[PDB]
C-alpha cells in the first residue's frame, strides 16, 4: 500500500506528516476485508501527524438516521473485530494512536446543521434532488437487484448524511482530522472535489464549507 493520487495537497505534505488521517470504511464493500482495513490502518499510522481515526463512511427502523442504524447494527461488531486484530498486530504504543469514531462521535450539533441544510436542499431544489438520485441509479445499475423510485429517493438522503464528512474537516471526539484514505477514486470523491471548488451546486460551498476542505488520499496495493 502506498499513496496513489492526492486531491487537496502535494505529495510533500504527506511524507512530512502534516495531517491526522481518517480511515473511511465502506461497510459491506468487498474490498474492506479485515486484512485490507488492517493494511489501511498500518499505512495510516506510519504517515499520520499523530492520530488515525477509524469510522464507518458508507453502506450502499431502529433510528431516524440510516448512518446511526448502520452504526448500531453492524458498525459496532466491525469495530470489535478491528480492535482485536489491532491489539494482536500493533504495539501498545501504536494502539494509543487509534480512535474508533462512531457515527455519534462525528455527527455533533454542528455536523447535523450541515446535514439539515442538505436535506432541505434535497427537498426544495429539484435539480439537486435529480442529481443526487442519479448517483444512486448509477450504483444500482451495476447491481443485480432493482429498486423503486421511492427507495432511490431514500438512498439519496443517505448520501447527504455522509456528504459533510467528505467535504469538510470535522472533529471526532475533539480530534480534527484533515485527510482520509480510501482505496479508489469514486464518483462521490469527484463530486466532492467539484463541491469544494464551487464548480457544482455552489450554494453548498457557501453554506457548509469553511475553507478547510477534507483531503482525499487514494491508497491501495
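Residue numbers count along the first chain shown, from 1.
> According to the PDB entry, how many deposited residues between residue 175 and residue 176 are absent from the model (none, 1 to 3, 4 to 9, 10 or more)?
Per the record, no deposited residues are absent between residue 175 and residue 176.
> Tell me which of 14-22 and 200-208 has the higher mean C-alpha B-factor in the deposited entry.
Result: 14-22.
> Higher average CA B factor in the deposited record is what I'm after, so tell me if that's 138-146 or 71-79.
Per the deposited B-factors, the answer is 138-146.
> Out of 163, 60, 34, 52, which shows the largest CA B-factor listed in the entry?
The listed residue with the largest C-alpha B-factor is 60.
> Report the third (lowest, middle or highest) to which the CA temperature factor of residue 131 belongs, ranking only the modelled residues of the same chain.
Its C-alpha B-factor, which the entry lists for residue 131, ranks in the middle third among residues of this chain.
> Splitting the chain's C-alpha B-factors into thirds, which one does residue 98 fall into?
As the PDB entry reports it, the C-alpha B-factor of residue 98 lands in the middle third of its chain.
> Residue 110's Cα B-factor: lowest, middle or highest third of the chain?
Highest third of the chain for residue 110's C-alpha B-factor.
> Going by the entry, which third of its chain does the Cα temperature factor of residue 217 land in?
Lowest third of the chain for residue 217's C-alpha B-factor.
> If you rank the chain by CA B-factor, which third does residue 45 end up in: lowest, middle or highest?
Residue 45: CA B-factor falls in the middle third of its chain.
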